[PDB]
Amino acid sequence: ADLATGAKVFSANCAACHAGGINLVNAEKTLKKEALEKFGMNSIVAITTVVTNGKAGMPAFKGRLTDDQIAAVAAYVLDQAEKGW
Ligand code: HEC
């Protein structure tokens with residue numbers, strides 16, 4: 001919502017591990033709505049925090065993405081998950 005920036009950020013930073021509906025190394029490790037919901041991750045604040053910091057080995061993007069870029073990709077992930085990738 002910046003979805004335009006979000007889509008670009010996703011392509012350049014996230015698709016390498018999450019690309020095209022299902023993740024390359026995963027099944028429910030994709031960004032499907034139901035998977036996000038299990039751990040309360042289906043919100044702008046939750047995705048912003050995990051991408052910035054993130055968690056449990058998932059890489060932190062605080063160095064290489066600005067706060068605005070992270071907010072943008074968070075929007076993109078939520079919108080795509082709602083549409084169904
Ligand atoms: C590999 C080196 C990754 C890159 C680059 C990105 N992510 Fe990731 N992510 C990765 C793994 C192994 C996992 C756990 C399994 C799974 O895929 O669910 C995740 C998880 C997420 C999640 C869910 C977090 C949760 O608490 O369950 C989100 C929302 C997520 N990943 C988003 C995301 C974005 C927006 C990225 C680019 C900025 C990104 N990931 C990069 C591995 C990797």
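Side chains are part of it too, since the values below use all heavy atoms of this structure and drop only hydrogens, waters and symmetry mates. Residues: numbered from 1 along the sequence shown. Read the numbers this way: they start at 1 and go in the same order the structure lists the ligands and their atoms.
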Part of [X] with heavy atoms under 4.0 Å of ligand 1, whether side chain, backbone, both or neither:
X   : result
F61 : side chain
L31 : side chain
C14 : both

Which of the atoms of ligand 1 are close to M58, meaning less than 4.0 Å from one of its heavy atoms?
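It comes down to these atoms of ligand 1: 13 (C), 19 (C), 20 (C), 24 (C).
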
Quick one: which ligand 1 atoms are inside 4.0 Å of a heavy atom on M41?
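Atoms satisfying the 4.0 Å criterion: 25 (C), 26 (O).
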
Mark yes or no for whether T48, through its side chain, and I44, through its backbone, hold a donor-acceptor pair below 3.5 Å.
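Yes; judged by distance alone, with no hydrogens or angles, the pair exists.
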
Between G40 and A46, what is the shortest heavy-atom contact and its length?
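Smallest heavy-atom distance, with atoms named: O-CB, 3.6 Å.
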
Closest contact, heavy atoms only, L31 versus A81:
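What the structure gives for the nearest pair is O-CB, 3.4 Å.
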
Non-hydrogen side-chain atoms of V9 and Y76 separated by less than 4.5 Å:
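Result no, sub-4.5 Å side-chain heavy-atom pair not found.
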
Is there a path from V45 to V50 through hydrophobic residues (I, L, V, M, F, W, Y) whose side chains come within less than 4.5 Å of each other?
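Hydrophobic grouping puts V45 apart from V50.
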
Heavy-atom nearest option to atom 42 (C) of ligand 1, drawn from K32, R64, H18, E37
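Selected option, by shortest heavy-atom distance: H18.
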
When the ring planes of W85 and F10 are compared, do they come out parallel, tilted or perpendicular, using 30° and 60° as the limits?
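The arrangement is tilted - the two ring planes meet at 30° to 60°.
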
Among side-chain atoms of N42 and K33, is any donor-acceptor pair under 3.5 angstrom?
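Looking only at side-chain atoms, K33 and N42 do not form any donor-acceptor pair under 3.5 Å.
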
Distance check below 2.8 Å: does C17 bring an N, O or S atom to atom 8 (Fe) of ligand 1?
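No, since none of the N, O or S atoms of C17 sits under 2.8 Å from atom 8 (Fe) of ligand 1.
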
Under 4.0 angstrom from ligand 1, any heavy atom of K38?
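The answer is no: ligand 1 sits nowhere under 4.0 Å from a heavy atom of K38.
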
Is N13 in polar range of ligand 1, meaning some N or O pair under 3.5 Å apart?
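No, since none of the N or O atoms of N13 sits under 3.5 Å from an N or O of ligand 1.
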
